[PDB]
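One structure is given below, encoded as structure tokens.
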Amino acid sequence: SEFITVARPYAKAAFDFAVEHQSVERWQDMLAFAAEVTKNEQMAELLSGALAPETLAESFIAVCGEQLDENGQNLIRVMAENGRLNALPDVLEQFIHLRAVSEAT
């Protein structure tokens with residue numbers, strides 16, 4: 001039950017500025033740590049709250065840690081607002097490929 005179609009643009013838009021802001025190297029952890037915590041059962045429990053997007057989004061920013069880019073924190077919210085916060089790995093996988101792409105072209 002993946003949602004790469006939703007992560008395609010989420011990871012793409014975040015990767016663009018990540019390259020312009022030279023954060024790609026540091027952002028790499030932000031995506032990994034973001035996908036690492038979302039894979040935790042308890043994280044899914046908080047993510048699949050009673051129809052509460054701000055609960056899973058804000059709780060994620062707090063559980064993920066303040067070490068998040070302004071686009072990274074907003075990305076989690078935008079993912080929560082659209083009910084796609086669980087698609088953190090879809091964005092991570094797309095980012096890994098996007099990163100490998102820019103390194104070659």
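By convention here, the chains of the structure tokens are called A, B, ... in the order presented, each chain's residues are numbered starting at 1, and ligands are numbered starting at 1 in the order presented.
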
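With only C-alpha atoms taken into account, the protein and nucleic acid residues at most 8 Å from residue 90 of chain A (excluding it and anything under 2 positions from it in its own chain) are residues 2, 3, 4, 7, 8, 87, 88, 92, 93 and 94 of chain A.
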
Using only C-alpha atoms, which protein or nucleic acid residues come within 10 Å of residue 19 of chain A? Drop anything in the same chain fewer than 5 positions from it, and give the result as a CSV table (one decimal) with C-alpha atoms, in the first residue's frame.
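Listed below is the output, part36.csv:
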```
chain,number,residue,atom,x,y,z
A,14,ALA,CA,11.9,19.3,-1.7
A,24,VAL,CA,20.9,17.7,-0.1
A,25,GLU,CA,23.8,16.2,1.9
A,27,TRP,CA,18.7,16.7,4.0
A,99,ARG,CA,20.0,12.5,-5.6
A,102,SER,CA,21.8,15.0,-10.1
```

Which neighbours of segment 66-81 of chain A fall inside 10 Å, counting only C-alpha atoms, when residues of the same chain fewer than 3 positions from it are skipped, and could you give them as a PDB file with C-alpha atoms, in the first residue's frame?
```
ATOM      1  CA  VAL A   6       2.085  11.535  -4.023  1.00  0.00           C
ATOM      2  CA  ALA A   7       5.775  11.350  -2.945  1.00  0.00           C
ATOM      3  CA  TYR A  10       6.820  15.952  -2.471  1.00  0.00           C
ATOM      4  CA  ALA A  11      10.371  14.534  -2.852  1.00  0.00           C
ATOM      5  CA  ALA A  13       9.964  19.862  -4.945  1.00  0.00           C
ATOM      6  CA  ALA A  14      11.916  19.292  -1.686  1.00  0.00           C
ATOM      7  CA  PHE A  17      15.420  23.560  -3.132  1.00  0.00           C
ATOM      8  CA  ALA A  18      17.540  20.934  -1.256  1.00  0.00           C
ATOM      9  CA  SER A  23      21.149  20.937   1.951  1.00  0.00           C
ATOM     10  CA  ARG A  26      22.304  17.133   5.250  1.00  0.00           C
ATOM     11  CA  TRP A  27      18.680  16.721   4.003  1.00  0.00           C
ATOM     12  CA  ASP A  29      19.376  12.322   6.985  1.00  0.00           C
ATOM     13  CA  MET A  30      16.164  14.415   7.347  1.00  0.00           C
ATOM     14  CA  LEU A  31      14.454  12.087   4.801  1.00  0.00           C
ATOM     15  CA  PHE A  33      15.232   9.926   9.971  1.00  0.00           C
ATOM     16  CA  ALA A  34      11.728  11.028   8.812  1.00  0.00           C
ATOM     17  CA  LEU A  47      -0.093   8.841  12.238  1.00  0.00           C
ATOM     18  CA  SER A  48      -3.443   6.987  11.904  1.00  0.00           C
ATOM     19  CA  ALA A  52      -6.687  14.338  13.236  1.00  0.00           C
ATOM     20  CA  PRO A  53      -4.079  15.562  10.686  1.00  0.00           C
ATOM     21  CA  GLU A  54      -2.540  18.267  12.950  1.00  0.00           C
ATOM     22  CA  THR A  55      -2.130  15.598  15.701  1.00  0.00           C
ATOM     23  CA  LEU A  56      -0.012  13.247  13.512  1.00  0.00           C
ATOM     24  CA  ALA A  57       1.748  16.207  11.758  1.00  0.00           C
ATOM     25  CA  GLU A  58       2.634  18.267  14.888  1.00  0.00           C
ATOM     26  CA  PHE A  60       5.665  13.998  14.010  1.00  0.00           C
ATOM     27  CA  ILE A  61       7.601  17.325  14.055  1.00  0.00           C
ATOM     28  CA  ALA A  62       7.993  16.825  17.850  1.00  0.00           C
ATOM     29  CA  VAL A  63       8.840  13.063  17.645  1.00  0.00           C
ATOM     30  CA  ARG A  84      -0.289  11.095   3.282  1.00  0.00           C
ATOM     31  CA  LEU A  85       2.230  11.472   6.201  1.00  0.00           C
ATOM     32  CA  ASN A  86       2.720   7.650   6.047  1.00  0.00           C
ATOM     33  CA  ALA A  87       4.216   8.107   2.502  1.00  0.00           C
ATOM     34  CA  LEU A  88       7.547   9.233   4.097  1.00  0.00           C
TER      35      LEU A  88
END
```

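Pairwise distance (atom CA of residue 96 of chain A, atom CA of residue 46 of chain A) equals 26.0 Å.
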
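Put simply, atom CA of residue 12 of chain A is 13.3 Å away from atom CA of residue 89 of chain A.
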
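Put simply, atom CA of residue 45 of chain A is 25.1 Å away from atom CA of residue 28 of chain A.
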
Practice problem: Write down as a ChimeraX atom specification the residues of segment 18-95 of chain A whose backbone DSSP state falls under alpha helix (DSSP H). | Solution: /A:18-20,24-38,41-47,53-64,70-81,88-95

Using only C-alpha atoms, please write the residues we just selected to a file, as a JSON list (two decimals), in the first residue's frame.
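To be explicit, this is the file written out as part14.json:
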```json
[["chain", "number", "residue", "atom", "x", "y", "z"],
["A", 18, "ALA", "CA", 17.54, 20.93, -1.26],
["A", 19, "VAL", "CA", 20.04, 21.22, -4.17],
["A", 20, "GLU", "CA", 19.78, 25.06, -4.47],
["A", 24, "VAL", "CA", 20.88, 17.67, -0.12],
["A", 25, "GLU", "CA", 23.83, 16.16, 1.85],
["A", 26, "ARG", "CA", 22.30, 17.13, 5.25],
["A", 27, "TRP", "CA", 18.68, 16.72, 4.00],
["A", 28, "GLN", "CA", 19.58, 13.05, 3.21],
["A", 29, "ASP", "CA", 19.38, 12.32, 6.99],
["A", 30, "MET", "CA", 16.16, 14.41, 7.35],
["A", 31, "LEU", "CA", 14.45, 12.09, 4.80],
["A", 32, "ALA", "CA", 15.99, 8.92, 6.34],
["A", 33, "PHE", "CA", 15.23, 9.93, 9.97],
["A", 34, "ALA", "CA", 11.73, 11.03, 8.81],
["A", 35, "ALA", "CA", 11.10, 7.63, 7.11],
["A", 36, "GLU", "CA", 12.91, 5.74, 9.95],
["A", 37, "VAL", "CA", 10.47, 7.01, 12.65],
["A", 38, "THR", "CA", 7.33, 6.69, 10.39],
["A", 41, "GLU", "CA", 4.42, 0.87, 14.71],
["A", 42, "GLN", "CA", 3.78, 3.49, 17.46],
["A", 43, "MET", "CA", 4.50, 6.20, 14.83],
["A", 44, "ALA", "CA", 1.83, 4.64, 12.55],
["A", 45, "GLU", "CA", -0.51, 4.58, 15.61],
["A", 46, "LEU", "CA", 0.03, 8.36, 16.06],
["A", 47, "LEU", "CA", -0.09, 8.84, 12.24],
["A", 53, "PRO", "CA", -4.08, 15.56, 10.69],
["A", 54, "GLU", "CA", -2.54, 18.27, 12.95],
["A", 55, "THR", "CA", -2.13, 15.60, 15.70],
["A", 56, "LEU", "CA", -0.01, 13.25, 13.51],
["A", 57, "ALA", "CA", 1.75, 16.21, 11.76],
["A", 58, "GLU", "CA", 2.63, 18.27, 14.89],
["A", 59, "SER", "CA", 3.35, 15.05, 16.89],
["A", 60, "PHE", "CA", 5.67, 14.00, 14.01],
["A", 61, "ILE", "CA", 7.60, 17.32, 14.06],
["A", 62, "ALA", "CA", 7.99, 16.82, 17.85],
["A", 63, "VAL", "CA", 8.84, 13.06, 17.64],
["A", 64, "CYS", "CA", 11.15, 13.67, 14.62],
["A", 70, "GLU", "CA", 11.56, 24.82, 7.19],
["A", 71, "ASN", "CA", 10.56, 22.89, 4.02],
["A", 72, "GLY", "CA", 11.03, 19.58, 5.94],
["A", 73, "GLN", "CA", 8.68, 20.60, 8.81],
["A", 74, "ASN", "CA", 6.15, 21.99, 6.27],
["A", 75, "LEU", "CA", 6.54, 18.80, 4.15],
["A", 76, "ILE", "CA", 5.41, 16.67, 7.16],
["A", 77, "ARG", "CA", 2.42, 19.03, 7.68],
["A", 78, "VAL", "CA", 1.55, 19.08, 3.92],
["A", 79, "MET", "CA", 1.79, 15.24, 4.08],
["A", 80, "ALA", "CA", -0.45, 15.21, 7.21],
["A", 81, "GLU", "CA", -2.93, 17.82, 5.83],
["A", 88, "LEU", "CA", 7.55, 9.23, 4.10],
["A", 89, "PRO", "CA", 9.52, 6.34, 2.47],
["A", 90, "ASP", "CA", 7.95, 6.98, -0.98],
["A", 91, "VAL", "CA", 9.52, 10.48, -0.82],
["A", 92, "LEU", "CA", 12.77, 9.01, 0.62],
["A", 93, "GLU", "CA", 13.09, 6.44, -2.24],
["A", 94, "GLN", "CA", 12.29, 9.13, -4.87],
["A", 95, "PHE", "CA", 14.84, 11.45, -3.16]]
```
